[PDB]
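Notes follow once the structure below has been shown.
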Ligand code: PMR
Ligand SMILES: Nc1ncnc2c1ncn2[C@@H]1O[C@H](COP(=O)(O)OP(=O)(O)O)[C@@H](O)[C@H]1O
Ligand SMILES: Nc1ncnc2c1ncn2[C@@H]1O[C@H](COP(=O)(O)OP(=O)(O)O)[C@@H](O)[C@H]1O
Ligand code: SF4
Ligand code: SF4
Ligand SMILES: [K+]
Ligand SMILES: [Mg+2]
Ligand SMILES: [Mg+2]
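Chains as they are written, first to last, in the authors' numbering: chain B, 28 to 295; chain A, 29 to 295; chain C, -5 to 411; chain D, 1 to 148, 158 to 270, 275 to 451, 479 to 528.
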């Protein structure tokens, strides 16, 4: 209180999809929630707003980057069921420095007390944490959730992130909250990795086409037709995950594996 | 030397596609060099069945005196003669992966490794958040973009197209086409293609044998032929390689604005 | 140059393009002497290292007062833990200088781009000692700070370490020369204000207390963040022009006297002899400076108050008043004193700005040392801008000295020809 | 990370800037953050130049990182070429720009400019200033001349190129003058002086010389090697700093040109050093440091021309390491190869010399240790870019060197008097009036130590403690100090 959650994981694994629907889940459970997109693509919260809202650097440009003139709610936008949405924005692809932009955005949001006066803050970070700037949300989060699939490259990415969390835990309060299985029918590879590392699965989503469709319709899973295939299970799962983060979540003691170890571990 | 750069949404299957494509080229009698541009250094392990040492680790061994290095020090032979290089990079949330990748590409160019071979494949990460991950573009003839039939991958592709167009003003790199991957259908993609000028060069469906191949640390060509989908996928990789040698043409494409692609995609 | 805006009869323009200014790292050059018990360790590259010693290394140092932890390839490749490295470096530094009481880890472009969390490092290091050495952090990076903005960063970092008190106190914020500090304190004591303290202090370990009942006068125009942070701790930030020349200093002093409800007859009986003598002292410089066309390039945010003083009290004509940054609320009182139709340019395109200088051919161009000598070779007289940050220019009694700084190069022009 | 109180060299782009500014008709687009324009002051204040360096900085800010920094550098390349219209263009990065990797150099070559473009690849985190200048100078000439005995037959005077001199080099202004003068008196013309004073058009004339004179190897050795491989042009390797060195240099160049037959007394140093007031200079202990060239030069002068005893020697030029080690070996020393100021300071402190011949940074440690100092090499500041004629090379350079290296030392009569009488009220211990300014030791042992006349007291204390350890001696007394003296 405030519960600050950072969502990391393999690229395209469904971090933005999960974060948006999770925010919607918290709001349905009564909590007031802010979601922050930490990605130059600014595609984190559009299913909450049905729109692509201007980014943090957009608002700054309008004010010619003058701190003293800056207005707090100017980069915040109301979305589904009262969820507040912020996109950090970033440079176009292949130039500038998205790392600085994201990291500096996080600090700007902290200094303006935006991580306070709300129940749940969710940082939705990009896939490739290529520098310190994109690890900035980890400096404020209470828990990190890692999204993964039941395959090699996803789990291998999760492992690298686990090492990052442990490094950050040496100097910040952030702890691992658990694993979110996504786009997978089974968990055999995931639970194998969990067994050796000490991680736990907090939520399991199958490969559901209604989820893919929901992003295309710019809405949460809660705004999809309930009679459409799989919609009910998915909705329930997001609510269950939100309830778990309110009622059950616990700091997980976990040690990452070496590259050669996770190599020999995964497979058949 | 035909130089190809592979970009696209994170986790879309860039490394999976690249390595199997490199294998396909080699089955066509072509000499191939694949370069992983990702701190994860997980591009080529299906070609070598193992984690090859990274350029940054090799540099670190010689205290970053690059003149003491030779191609044999950081380039390793894999499946059917394919040569493999991993740039390597910092642990997640440390250093500057862009800088590192930028340095790797330069080392390779120094040793003329982009000249002394038939085909070169740069396998780049998903989040092109700085210039370092656009570094392969100065040397590439074509850029292939991997996407799925959904909003987020196509949107990511649109951003990459804008970046390629920019570089193409001063570099020879051109859009070679779209690789549809992990999708049963193509309705949203062709909706994007018609309005941008891109075309689909290859289509790979969601095939579990492919997921399994990454876990088995091998190419799709080393999978059991009687396993479902293996032969189909092999033939689609062979076809794509055949296209890049005989059929590939520079595409005139213009990206959509954020509002446009936002409204274009959907139902 | 974009579409103009209009405030207090004056024109506010903005220009984008190539800049010629110092990064905030350069604050070390004056700060290390204001507080000799402090050390300034930059975390950056050899460029940052080269900057500081090219500035201050003309002097010979028996004891080092600053330095740079230069990022190596392993740091960029993430092959060495940044926090372990910082700790080791700070360790071996305190070996060479074991008498350091306060250590500033100064952020640079490299450290800020890749976002090394120096602030947490500073916190952790402070913990590991806490009885001996205070370790703090501020950014002096070029991408974030211009020149004197570095001091704003440094002072803001000291604010949380200021003791908490609800006592009567007049706080003077911003670097003052020692005799100027003493002079202003003496005058303030004549008005009945017994508690007057300076921020920054002369010793880093002896910070003034703060809280409600603390009135803060800003002596320097570049303390945007520091003022904001001082206000967050309960202090009242008095609004006033800046103590440059008779006019500015008078109103600045009056602001504090008004807040402490000092009787006007007392503040007049105290300031009158000072003002009369100042007008007398200013006369020969006014004779030299009146009617001269002035052009100031962006450097320090001192340009607006300087222009105000040189025009109002010395009779110079202002061609263009360039500032690297303009806090409009903070420059408010100052903008009201400026002559009507003053042309103020925020930001810079140095090549286009140079063209404007050349086309006007001003009598005196206030500029940086990257342009000073080249302009002299073109037959354009200059006044190197950095000097005002290293001169005792504040207060009624220093008005003539401030004017002399601008009269001097013109005087020399005459002597030599 | 590397703790650096003082850096002996700047980042490599400074070396690149030194090439562009020393030359004419060569512009330099530098991708760099706002603030890196401080480099201009190196040329406008230290070199005191009345013109802006031919450098266009992109000066990006933090707000630009959220935008197209690549387009930013492209615009500045357009502007720079249009406005300044140079013969050739250098394009490069600073340390910070190197992080964001905008590839500004290759970008420049794709912008349809019709002038030669040198794309600089300078690793700011691995290489330094001199490497930067040498690399830039090398690439520019390699780029200009890539596509592409006699003087006796033509009936003309031999002509040589002077390669190496540059702004922010050490006394390059006058070294060039001195050497050019000396060559002309020896019947040898000058072809092209580069980079200092040369245009890209001048560089095209480089193969027209009969021989290359490499005055500053740190800057021009790579180039002379390239010119030799591609155009058969031989180059001198003896740098003419010092009387003997200038003589060897003359003999060397004569061979490469094929001439026959430089006298010693053309400099005044030999007589001054031979004269009786230099008698007491014999064996004065000196520490030497700086770049490779000037250290090697100073070493021979101190040892063979002045009669000093070199007690410490080192360089920050790692490319010059093997030569400094060879020279140190002849001197019976181990060479200090480092860029760590604290290591240099420590080495000086340990050998406790009577004189330090180093860089601007050695003044720092000499001040703290109270040792007479003189600057013989970069890094330098404004005092070492004087108005007067001040070469280090050739006959007159040796004259300047004699005056400057002897000046910090206490003078003869005063030094004798302080060794005789220690109880004065004005002429006290460690006082130099010509500068115009007013394991356990026993009480018996330190008394004999205070007898030692200052600047040599440091070595005496070391040698006595070394002596006491070297034997079964415990504590120290007045006799063991006298024993140590007779032992060494
Ligand atoms: C009155 C004539 C005269 C001149 C022109 C000199 C120059 C000079 N006297 Mg001196 N000296 C003169 C006289 C004397 N000297 C005297 C002593 C003396 C000493 C011990 C020394 C000295 C020195 C000098 C020197 C060398 C410069 C110096 O180091 O002082 C000059 C030019 C200096 C030296 O190196 O001599 C070889 C040195 O150690 N002088 C004495 C002893 C009573 C007398 C009368
Ligand atoms: N549980 C799921 N079932 C089916 N498709 C999914 C699921 N989760 C995510 N996706 C698909 O993955 C795509 C990318 O998701 P996104 O939130 O952009 O991932 P990230 O934020 O990690 O890049 C979405 O367009 C969606 O179609
Ligand atoms: N055609 C496909 N069918 C099924 N799964 C696929 C397909 N392509 C990729 N995948 C899965 O996606 C995961 C991500 O692959 P990877 O090559 O790491 O993507 P990227 O390089 O874009 O991050 C792989 O582990 C693989 O299991
Ligand atoms: S890797 Fe990160 S810190 Fe480095 S240039 Fe790219 S976005 Fe910036
Ligand atoms: S902080 Fe930035 S502008 Fe300042 S010296 Fe370092 S790199 Fe240059
Ligand atoms: K070093
Ligand atoms: Mg996302
Ligand atoms: Mg990949």
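For each residue, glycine too, the CB sits at the ideal point set by N, CA and C.
**Request:** Identify each residue in the region 84 to 99 of chain B for which the Cβ-Cβ distance to at least one residue of chain C is less than 9 Å, and report them in chain order.
**Result:** Against chain C - using a Cβ distance shorter than 9 Å - the residues of the region 84 to 99 of chain B are 91, 93, 94, 95, 96.
**Message:** Going by the DSSP bridge assignment, what does residue 17 of chain C pair with across the sheet?
**Reply:** Locating residue 17 of chain C in the third chain gives position 23, counting from the first residue. Bridge pairing for residue 17 of chain C: C:140 [DSSP].
**Asked** What is the C-beta distance between residue 201 of chain B and residue 227 of chain B, in whole angstroms, given that I count them as a contact (C-beta under 8 Å)?
**Response** If you number the first chain from 1, residue 201 of chain B lands on position 174. If you number the first chain from 1, residue 227 of chain B lands on position 200. That belief does not hold up - the Cβ atoms of residue 201 of chain B and residue 227 of chain B are roughly 17 Å apart, past 8 Å.
**Message:** As an exercise, report each continuous alpha helix (DSSP H) stretch of at least 4 residues that is fully enclosed by the region 121 to 187 of chain B, in chain order.
**Reply:** As far as the region 121 to 187 of chain B is concerned, its whole alpha helix (DSSP H) runs of at least 4 residues are 125 to 138.
**Asked** Looking only at its own chain, which residues have a Cβ that is under 7 Å from the Cβ of residue 221 of chain A, when we skip the five neighbours before and after it?
**Response** Translated into the one-based positions of the second chain, residue 221 of chain A becomes position 193. 206, 227, 228.
**Prompt:** What residues match up with residue -1 of chain C in a beta bridge as DSSP calls it?
**Reply:** Locating residue -1 of chain C in the third chain gives position 5, counting from the first residue. C:6, per the DSSP bridge assignment.
**Request:** Starting from residue 35 of chain A, follow the beta strand (DSSP E) in both directions and report where the run begins and ends.
**Result:** For the purposes of this step, residue 35 of chain A is taken as residue 7 along the second chain, with counting starting at 1. Run containing residue 35 of chain A: 30 to 36, per the beta strand (DSSP E) assignment.
**Prompt:** chain C partners of residue 163 of chain B, CB-CB under 9 Å?
**Reply:** Residue 163 of chain B sits at position 136 when you count from the first residue of the first chain. Per Cβ cutoff of 9 Å: 109, 111.
**Prompt:** Which ranges would you report for the alpha helix (DSSP H) in the region 364 to 427 of chain D if only whole runs of at least 4 residues count?
**Reply:** Counting only runs of 4 or more, we get 373 to 382, 407 to 419.
**Message:** Helix, strand or coil, according to DSSP, for residue 68 of chain B in the structure here?
**Reply:** Counting from 1 along the first chain, the entry for residue 68 of chain B is found at position 41. Looking at residue 68 of chain B - three-state DSSP - the assignment turns out to be coil, as it is neither helix nor strand.
**Request:** Answer yes or no: do residue 130 of chain D and residue 47 of chain D have a C-beta to C-beta separation smaller than 8 Å?
**Result:** For the purposes of this step, residue 130 of chain D is identified with residue 130 of the fourth chain, where counting begins at 1. For the purposes of this step, residue 47 of chain D is identified with residue 47 of the fourth chain, where counting begins at 1. Taking 8 Å as the Cβ cut-off, residue 130 of chain D and residue 47 of chain D do not qualify as a contacting pair.
**Message:** Let me make sure I understand the geometry here. Which of A:94, A:75, A:74 has the alpha-carbon closest to that of residue 83 of chain A?
**Reply:** Position 55 of the second chain holds residue 83 of chain A. Nearest option by C-alpha distance: A:94.
**Prompt:** Along the region 76 to 108 of chain D, what residues have a CB closer than 8 Å to any CB found in chain A?
**Reply:** Cβ contacts with chain A come from 98, 99, 100, 101, 102, 103, 106, 107.
**Asked** Residues in its own chain within less than 6 Å of residue 80 of chain C by CB, not counting five upstream and five downstream?
**Response** Residue mapping note: residue 80 of chain C aligns to position 86 of the third chain, counting from 1. Counting only residues of its own chain and dropping the five nearest sequence neighbours on each side, residue 80 of chain C has a CB closer than 6 Å to the CB of 115.
**Asked** Closer than 6 Å from C-beta to any heavy atom of ligand 6: which residues, in chain order?
**Response** Here the residues come out as D:2, D:352.
**Prompt:** Do the CB positions of residue 294 of chain C and residue 192 of chain C come within less than 8 Å of each other?
**Reply:** Locating residue 294 of chain C in the third chain gives position 300, counting from the first residue. Locating residue 192 of chain C in the third chain gives position 198, counting from the first residue. No, the Cβ-Cβ distance between residue 294 of chain C and residue 192 of chain C is not below 8 Å.
**Prompt:** residue 237 of chain D: buried (16+ other C-beta within 10 angstroms of its C-beta) or exposed?
**Reply:** Counted from its first residue, the fourth chain places residue 237 of chain D at position 228. It counts as exposed.
**Request:** Could you tell me whether the Cβ of residue 57 of chain A comes closer than 8 Å to any Cβ of chain C?
**Result:** Here residue 57 of chain A is taken as the residue at index 29 of the second chain, counted from 1. For residue 57 of chain A, not one C-beta of chain C is nearer than 8 Å to its own C-beta.
**Request:** Kindly indicate the opening and closing residues of the beta strand (DSSP E) around residue 378 of chain C.
**Result:** Counted from its first residue, the third chain places residue 378 of chain C at position 384. First-last of the beta strand (DSSP E) with residue 378 of chain C: 376 to 378.
**Prompt:** Hey, would you say residue 81 of chain D sits closer than 8 Å to residue 104 of chain D, going by beta carbons?
**Reply:** Along the fourth chain, one-based indexing puts residue 81 of chain D at 81. Along the fourth chain, one-based indexing puts residue 104 of chain D at 104. Here residue 81 of chain D is not near residue 104 of chain D, since their CB atoms are 8 Å or more apart.
**Prompt:** Taking just the CA atoms, how far does residue 131 of chain C sit from residue 270 of chain C?
**Reply:** Position 276 of the third chain, counting from 1, holds the residue named residue 270 of chain C. Position 137 of the third chain, counting from 1, holds the residue named residue 131 of chain C. Residue 131 of chain C has its alpha-carbon roughly 45 Å from the corresponding atom of residue 270 of chain C.
**Message:** As a quick check of your reading: which residues have a C-beta less than 5 Å from at least one non-hydrogen atom of ligand 1, in chain order?
**Reply:** This criterion selects D:289, D:290, D:424, D:425, D:426, D:429.
**Request:** Can you tell me which of A:92, A:107, A:106 puts its alpha carbon nearest to the alpha carbon of residue 68 of chain C?
**Result:** As a position in the third chain, residue 68 of chain C is number 74, starting the count at 1. Checked all of A:92, A:107, A:106; the closest Cα to residue 68 of chain C is A:92.
**Prompt:** To the nearest angstrom, how far is it from the Cα of residue 294 of chain D to the Cα of residue 87 of chain D?
**Reply:** The residue labelled residue 294 of chain D in the question sits at position 281 within the fourth chain. The residue labelled residue 87 of chain D in the question sits at position 87 within the fourth chain. Distance between the alpha carbons of residue 294 of chain D and residue 87 of chain D is about 53 Å.
**Request:** Closer than 9 Å by beta-carbon distance: list the chain B residues that pair up with residue 56 of chain D, in chain order.
**Result:** In the fourth chain, residue 56 of chain D corresponds to position 56, counting from 1. One finds nothing in chain B with a Cβ atom closer than 9 Å to the Cβ of residue 56 of chain D; even the nearest lies about 19 Å away.
**Message:** Using beta carbons (cut-off 8 Å, strictly below), is residue 69 of chain D in contact with chain B?
**Reply:** On the fourth chain, residue 69 of chain D is found 69 positions in, with the first residue counted as 1. Residue contact with chain B for residue 69 of chain D: present (Cβ-Cβ distance below 8 Å to some residue of chain B).
**Item:** Cβ-Cβ separation, residue 7 of chain C to residue 340 of chain C (assumed contact under 8 Å), whole Å
**Value:** To locate residue 340 of chain C, count along the third chain from 1; it is residue 346. To locate residue 7 of chain C, count along the third chain from 1; it is residue 13. Confirmed, Cβ separation roughly 7 Å.
**Prompt:** Can you tell me whether DSSP reads residue 268 of chain D as helix, strand or coil?
**Reply:** Taking the fourth chain and counting its residues from 1, one reaches residue 268 of chain D at position 259. DSSP places residue 268 of chain D in the coil class of the three-state scheme, outside both helix and strand.
**Item:** Cβ-based contacts, 9 Å cut-off: residues of the region 146 to 160 of chain B near chain C
**Value:** Among the residues of the region 146 to 160 of chain B, those with a Cβ less than 9 Å away from any Cβ of chain C are 158, 159, 160, in the order of the chain.
**Asked** At which residues does the alpha helix (DSSP H) containing residue 248 of chain C begin and terminate?
**Response** The residue you call residue 248 of chain C lines up with position 254 of the third chain. Start and end: 239 to 253.
**Request:** Please confirm whether any heavy atom of ligand 8 lies closer than 7 Å to the CB of residue 227 of chain A.
**Result:** Against the second chain, residue 227 of chain A aligns to sequence position 199. No, ligand 8 has no heavy atom inside 7 Å of this Cβ.
**Asked** By Cβ distance, which residues of its chain are closer than 6 Å to residue 50 of chain C, with the 5 residues on each side in sequence left out?
**Response** By 1-based counting over the third chain, the position of residue 50 of chain C is 56. Once the five neighbours on either side are set aside, the close Cβ partners of residue 50 of chain C are 23.
**Request:** Pull up the distance between the alpha-carbon of residue 259 of chain C and that of residue 332 of chain C, whole angstroms please.
**Result:** By one-based count along the third chain, residue 259 of chain C stands at place 265. By one-based count along the third chain, residue 332 of chain C stands at place 338. About 27 Å.
**Prompt:** Roughly how many angstroms separate the alpha carbons of residue 209 of chain C and residue 197 of chain C, rounded to a whole number?
**Reply:** Taking the first residue of the third chain as 1, we reach residue 209 of chain C at position 215. Taking the first residue of the third chain as 1, we reach residue 197 of chain C at position 203. Each residue's Cα considered, the two are about 22 Å apart.
**Prompt:** By Cβ distance, which residues of its chain are closer than 6 Å to residue 208 of chain A, with the 5 residues on each side in sequence left out?
**Reply:** Counting from 1 along the second chain, the entry for residue 208 of chain A is found at position 180. The residues are 214, 217, 228, 231.
**Cross-chain neighbours of residue 166 of chain A in chain D, by beta carbon under 8 Å** = Locating residue 166 of chain A in the second chain gives position 138, counting from the first residue. Within chain D, the residues near residue 166 of chain A are 103, 106.
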